[PDB]
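Written below as structure tokens is the structure these notes are about.
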Amino acid sequence: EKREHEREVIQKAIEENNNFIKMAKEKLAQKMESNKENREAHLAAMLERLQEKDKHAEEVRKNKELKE
Amino acid sequence: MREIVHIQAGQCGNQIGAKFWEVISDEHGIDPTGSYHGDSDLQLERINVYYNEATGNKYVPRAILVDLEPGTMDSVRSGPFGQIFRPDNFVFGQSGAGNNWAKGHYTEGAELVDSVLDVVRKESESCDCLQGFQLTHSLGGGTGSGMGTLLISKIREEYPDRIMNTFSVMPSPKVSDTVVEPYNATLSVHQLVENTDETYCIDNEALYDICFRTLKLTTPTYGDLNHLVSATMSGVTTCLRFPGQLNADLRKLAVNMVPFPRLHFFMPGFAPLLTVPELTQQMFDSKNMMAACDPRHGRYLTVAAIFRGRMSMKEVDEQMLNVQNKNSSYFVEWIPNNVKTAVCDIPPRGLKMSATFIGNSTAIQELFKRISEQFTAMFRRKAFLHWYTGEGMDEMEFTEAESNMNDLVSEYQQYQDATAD
Amino acid sequence: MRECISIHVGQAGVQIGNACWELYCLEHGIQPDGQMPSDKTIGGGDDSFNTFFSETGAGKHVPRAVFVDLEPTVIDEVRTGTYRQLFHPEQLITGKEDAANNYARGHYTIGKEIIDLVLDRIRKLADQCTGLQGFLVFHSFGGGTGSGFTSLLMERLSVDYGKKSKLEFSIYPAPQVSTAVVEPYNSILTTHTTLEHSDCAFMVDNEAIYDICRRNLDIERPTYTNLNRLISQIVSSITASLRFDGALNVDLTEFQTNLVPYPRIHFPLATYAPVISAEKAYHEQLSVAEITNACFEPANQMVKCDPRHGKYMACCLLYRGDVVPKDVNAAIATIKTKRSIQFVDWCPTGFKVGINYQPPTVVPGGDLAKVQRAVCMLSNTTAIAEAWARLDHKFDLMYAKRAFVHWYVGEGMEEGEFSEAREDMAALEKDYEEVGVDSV
Ligand SMILES: Nc1nc2c(ncn2[C@@H]2O[C@H](COP(=O)(O)OP(=O)(O)OP(=O)(O)O)[C@@H](O)[C@H]2O)c(=O)[nH]1
Ligand SMILES: Nc1nc2c(ncn2[C@@H]2O[C@H](COP(=O)(O)OP(=O)(O)O)[C@@H](O)[C@H]2O)c(=O)[nH]1
Ligand SMILES: COc1ccc2c(c1)NC(=O)CN2c1nc(Cl)nc2ccc(F)cc12
Ligand SMILES: [Ca+2]
Ligand SMILES: [Mg+2]
């Protein structure tokens, strides 16, 4: 019985050293992925409105051509 | 190397841009040919920030000169250092802008923009690590105000991840008569609030008043004014151009100076127009502010102070601590340690000791309130709307630019009233 | 074996590595080209100094260190300075654009572009190790690299090296030498992200160091060079047990048994004496009992706080130089009666002492007096939580108006990371309350 216990304790220290490398590795990848989407989503929002600005400069120039 | 890219646009833009390079070229040891005849190597260590290195050891400003009338252009080469610039980097209209914003933004400026954008890219792609851009222009008339803000739009679209720093020159009825200026400025600011990270307000009303009262100039010229701007602009770039404690660049400035994206309009200051306490007193003195706004009427969100000269920085540390203690109610309490200072050993030409003061004060709403008022005096009348609706613009666009600038003042007030507890 | 790799991250971390590695060299007799006349074991050895220095076959002793910074200004000066020959190019790693004082850029935007290369270089240092003990990570709290790259590297080191030790030397921000108004944000973000991944962290309060410099060395406006040369003395003392042999010498790791009563309670208070100028140290020899006493004067601490108004969970004395146990024991006994030293009720009140005989060294042209004997006390006191309290308060003043918070959100971070970090800090401050309360 005592040796059964002795190997269960070393199996736990391994189990937990491992679960800890695991959850770190995963916590990282989750963060790095949510960060690319967020930063991109933000850069996309900036462009979508910088370009909606270009569409309004078409509409404005096409109005002065409805002057002549 | 961290390359800023300089862009002068319009009548006002190119002139204040010109004396800029004359001054910083002299500080750095560069004659109008582009060679270095200097004493100390502290003038070269970060020279690449504003200068292209050409073999034959020639330093070429990284400047893009732009206008809608070839007149302003010719003056530049003719003047001092005109031949230090890059001949290709001149980009010139012909038809001009005629103090109309629509002509700079939507129509005639549109026709020249892509010809500027091309010089931008050529200069940008030459950069190991592009900080971004600084645009010298005016918001009062024509090319600088409208094409300058259209160029801003286009550049941010190609470089959405670079810093956009402008030196905007605000109109003062004490310096120009053309009545459409309250229109031009307001339509520009509507763009500046949305597409720059840092705008130094150069106020022609405060430049005049300074020259008229302190400098006692009964009739100040656009050359006596621009003498003040060149002093300011050499100052608010000391930490970009010279080695220091802090590795200053256009983004570290923005991160630390701008607590809310829209509230990015800085009140500059200079002194003297001396001892380390007199400097500091004057530098925080509304008489030394290059924007007609009194700090004692609002609260400082954030402040930067450049001390230039040979002086005890222990003294400076106690002096700067002193002004925050004795003036504590004029710095927002919810942003700790929000007043930083830097000292550079080399002072500007002809001053043994200077100070330069960049502030982000809710009192800048004063500046914007004066423009807002002159605007509505015309817009309530519908005056000169034809110079604009004729070029294709909707009336809604004046309403919108107006509501936006009204919000910007409303937001400055929000944080002037904000408390910690 | 028991080799330690040091990692120096950002301006503070790098510049402090310059001070520490120039100091180690003077301590061990190593010259700026890496040769050591006293090492007769060429190309290798398991001498004590080899815990911090590998040896090339040509006789060069090479720091087991890596310098990482997101820009090249600061590390370019190592590459061209007095000790440029000491480091192999590949140990000195730089980017092109720094973090601009932004934790997000240090952790995600700019840092994600260099992390694999930094980890790789570290692996080449660990692969030269017969029994790697752990890492020593030097970094500011305040800078965007110091905070966000350190913590990215910490998460990574935990993945690639599991529970292998990671100690921190962390520069805690101070208004007199601060760079950025956002140092409180970077501070909390990195303290939260790192807390799980660090076994022991010695905080250095820039204001503590600045005051000691002004007051005991008579430097009017102390520089980073002034502060670094004092920090490296304290770092030297904490690592001297690793780098030196000695009968009465006690492994750092043995002090860690005592210093960390729970995983999160791992921030020991450092105190160092004598810090004394040459003129004031002339004709005035300071005895074992004088320097020991100085350790309990709060004005000699690395971090500003009142241990008097908190509780001790551990107190260690690391002596170097002319010191023998008889004196040490005498001095502790006087201090116990004449000073305010309350232990929590659940831990023994003995002092743990180590003595290294090699006397302290000073750096050419320094302001520190070369003394015959020195001491660094490492205490775990609840009082350190004050430093957390202050810093946590500056964070709050700003986050309630979300000032500057847009500079982080635009780089990809969410407000939720902010409240998550501040809550962790709120809990940490509550843990430090709980350990101090008596038992039932
Ligand atoms: N003791 C000491 N502290 C320093 C030194 N250099 C910088 N610091 C501190 O570091 C803090 C800012 O972090 P830095 O290390 O300078 O910035 P960084 O790590 O290079 O990260 P970036 O923002 O990307 O530049 C400031 O509060 C300084 O007090 C130094 O040489 N010695
Ligand atoms: N301070 C200053 N302001 C100027 C200068 N030149 C023009 N301005 C201002 O700019 C406005 C006119 O815009 P302008 O520069 O002529 O645009 P451009 O003709 O298209 O280049 C006027 O309100 C002037 O007050 C100058 O040299 N210094
Ligand atoms: C207190 O809040 C801050 C304000 C400004 C700054 C800063 C913190 N820290 C930084 O690293 C960039 N920086 C500065 N940037 C530039 Cl371009 N010029 C400067 C001139 C003087 C000066 F004190 C700071 C700067
Ligand atoms: Ca050996
Ligand atoms: Mg840096």
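Numerical summary
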| read-out | value |
| --- | --- |
| In the stretch C:158-169, the residues that are in contact with a strand residue (DSSP E or B) (Cβ under 6 Å, 6 or more places away or on another chain) and crowded, with 19+ Cβ neighbours inside 10 Å | C:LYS166, C:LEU167, C:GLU168, C:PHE169 |
| Yes/no for B:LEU263 being away from ligand 1 (no atom under 16 Å from the Cβ) and away from chain C (no Cβ under 14 Å) | no |
| Options C:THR194, C:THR223: the member that is more than 16 Å from ligand 5 (Cβ to nearest atom) and touching a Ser or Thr at 6+ places or on another chain (Cβ under 8 Å) | C:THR194 |
| Any chance B:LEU246 is touching a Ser or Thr at 6+ places or on another chain (Cβ under 8 Å), under 25 Å from C:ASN186 (Cβ atoms) and surrounded by fewer than 23 Cβ atoms within 10 Å (Cβ to Cβ) | yes |
| Enumeration of residues in the stretch B:119-176 that are assigned to a helix (DSSP H, G or I) and closer than 20 Å to B:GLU69 by Cα | B:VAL119, B:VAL120, B:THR143, B:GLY144, B:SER145, B:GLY146, B:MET147, B:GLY148, B:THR149, B:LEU150, B:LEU151, B:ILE152 |
| Of all residues in the stretch B:179-205 being closer than 13 Å to B:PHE368 by Cα and among the aliphatic types (A, V, I, L, M), the one that is surrounded by the fewest Cβ atoms within 10 Å (Cβ to Cβ) | B:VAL193 |
| Subset of the stretch C:384-439 (residues that are outside any helix (DSSP H, G or I) and within 14 Å of chain A (Cβ to nearest Cβ)) | C:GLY410, C:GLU411, C:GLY412, C:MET413, C:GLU414 |
| Residue list for the stretch C:243-291, filter: among the aromatic types (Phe, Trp, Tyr) and over 30 Å from C:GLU429 (Cβ atoms) | C:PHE244, C:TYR282 |
| Meets criteria (within 22 Å of C:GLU22 (Cβ to Cβ), under 19 Å from the mean Cα position of the chain (by Cα) and within 16 Å of ligand 1 (Cβ to nearest atom)) for C:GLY142 | no |
| Candidates B:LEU246, B:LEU273, B:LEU263, B:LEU225 - the one that is within 16 Å of ligand 2 (Cβ to nearest atom) and not in a helix (DSSP H, G or I) | B:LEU273 |
| Residue within the stretch B:371-389 that is within 14 Å of chain A (Cβ to nearest Cβ), touching a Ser or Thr at 6+ places or on another chain (Cβ under 7 Å) and assigned to a helix (DSSP H, G or I) present | no |
| Members of the stretch B:343-370 found to be outside any strand (DSSP E or B) and within 23 Å of B:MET170 (Cβ to Cβ), listed by number | B:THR362, B:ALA363, B:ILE364, B:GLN365, B:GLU366, B:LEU367, B:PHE368, B:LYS369, B:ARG370 |
| Checking C:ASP160 against (1) part of a helix (DSSP H, G or I); (2) within 16 Å of ligand 3 (Cβ to nearest atom); (3) not aliphatic (A, V, I, L, M), the condition it does not meet | (2) |
| Residues (within 17 Å of B:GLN8 (Cβ to Cβ) and within 14 Å of chain A (Cβ to nearest Cβ)) located in the stretch B:126-175 | B:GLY146, B:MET147, B:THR149, B:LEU150, B:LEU151, B:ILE152, B:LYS154, B:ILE155, B:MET164 |
| Per-region count, the stretch A:1-29, residues polar (S, T, N, Q) and away from chain C (no Cβ under 13 Å) | 1 |
| Residue match in the stretch C:112-120 (condition: in the same structural domain as C:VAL9 (by CATH), more than 16 Å from ligand 4 (Cβ to nearest atom) and under 15 Å from C:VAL14 (Cα atoms)) | yes |
| Test result for A:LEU50, under 30 Å from B:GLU111 (Cα atoms), surrounded by 10 or more Cβ atoms within 10 Å (Cβ to Cβ), within 14 Å of chain C (Cβ to nearest Cβ) and under 32 Å from the mean Cα position of the chain (by Cα) | no |
| C:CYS25 vs. criteria in the same structural domain as C:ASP98 (by CATH) and within 16 Å of ligand 4 (Cβ to nearest atom) | yes |
| Leading residue by the ranking (farthest from ligand 5 (Cβ to nearest atom)) among those in the stretch B:93-144 that are at positive phi and more than 21 Å from the chain's Cα centre (by Cα) | B:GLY98 |
| Pairs with Cβ under 8 Å, 6+ apart, first in the stretch C:92-116 and under 19 Å from A:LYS27 (Cα atoms) and part of a helix (DSSP H, G or I), second near ligand 1 (Cβ under 9 Å from one of its atoms) and of a type in the set (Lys, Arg) | C:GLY111/C:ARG105 |
| Scope the stretch B:276-310; condition within 16 Å of ligand 2 (Cβ to nearest atom) and in a strand (DSSP E or B); matching residues | B:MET289 |
| Residues being outside any strand (DSSP E or B) and buried (at least 21 other Cβ atoms within 10 Å of the Cβ) - total across the stretch C:52-66 | 2 |
| In the stretch B:193-222, the residues that are aromatic (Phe, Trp, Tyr) and not in a helix (DSSP H, G or I) | B:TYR200 |
| Selection status of C:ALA58, more than 14 Å from chain B (Cβ to nearest Cβ), more than 30 Å from C:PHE404 (Cβ to Cβ) and within 24 Å of the chain's Cα centre (by Cα) | no |
| From C:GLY95, C:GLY111, C:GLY146, residue being within 30 Å of C:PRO175 (Cβ to Cβ), within 16 Å of ligand 3 (Cβ to nearest atom) and buried (at least 16 other Cβ atoms within 10 Å of the Cβ) | C:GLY146 |
| Complete set of residues in the stretch B:129-186 that are touching a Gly at 6+ places or on another chain (Cβ under 7 Å) and either in the same structural domain as B:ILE358 (by CATH) or small (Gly, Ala, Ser) (or both) | B:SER138, B:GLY142, B:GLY144, B:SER145, B:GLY146, B:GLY148, B:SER176, B:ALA185 |
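Residue by residue, here is whether (1) surrounded by fewer than 21 Cβ atoms within 10 Å (Cβ to Cβ); (2) away from chain B (no Cβ under 14 Å); (3) within 14 Å of ligand 4 (Cβ to nearest atom); (4) not acidic (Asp, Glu) holds:
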position: C:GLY43; (1), (2), (3), (4): yes, yes, yes, yes
position: C:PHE49; (1), (2), (3), (4): no, yes, yes, yes
position: C:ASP69; (1), (2), (3), (4): no, no, no, no
position: C:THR73; (1), (2), (3), (4): yes, no, no, yes
position: C:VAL78; (1), (2), (3), (4): no, yes, no, yes
position: C:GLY106; (1), (2), (3), (4): no, no, no, yes
position: C:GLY131; (1), (2), (3), (4): yes, yes, no, yes
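Basis: the model, the stated rules and, where named, an outside source; these are not laboratory values. Virtual Cβ from ideal backbone geometry, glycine too; neighbours counted across all protein chains shown.
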